[PDB]
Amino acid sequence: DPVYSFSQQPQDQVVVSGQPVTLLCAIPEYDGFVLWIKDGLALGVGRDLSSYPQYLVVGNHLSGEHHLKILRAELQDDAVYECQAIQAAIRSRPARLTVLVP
């Protein structure tokens, strides 16, 4: 089987516009590339999501954490997100973020 497994995977969430949200992703003992995918499109490579001011990879990389923080949820963030590892060739379960607008 895949040498690697996820220790944490992102979960579906309902959030309010303007609220931060952290989607969890962790892979123990894994020192390769991790990508976050939003509706099929990669947001960046590793911690470099510099094309998206609204998205930040956080968590303790020493703990194998690659959490996606959406700093201020807006309706455009209502999407399906997944975490995947290139060298490990594994994909997390997909997580739907529901954004509700005040």
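Heads up: residue numbers just count along the shown sequence, starting at 1.
Mean CA temperature factor is higher for 1 to 9 when stretches 1 to 9 and 91 to 99 are set side by side in the entry. Higher average CA B factor: 15 to 23, of the stretches 15 to 23 and 81 to 89. The residue among 49, 62, 34, 70 whose C-alpha carries the highest B-factor in the deposited model is 62. Sorting the modelled residues of the chain by their CA temperature factor places residue 41 in the lowest third.
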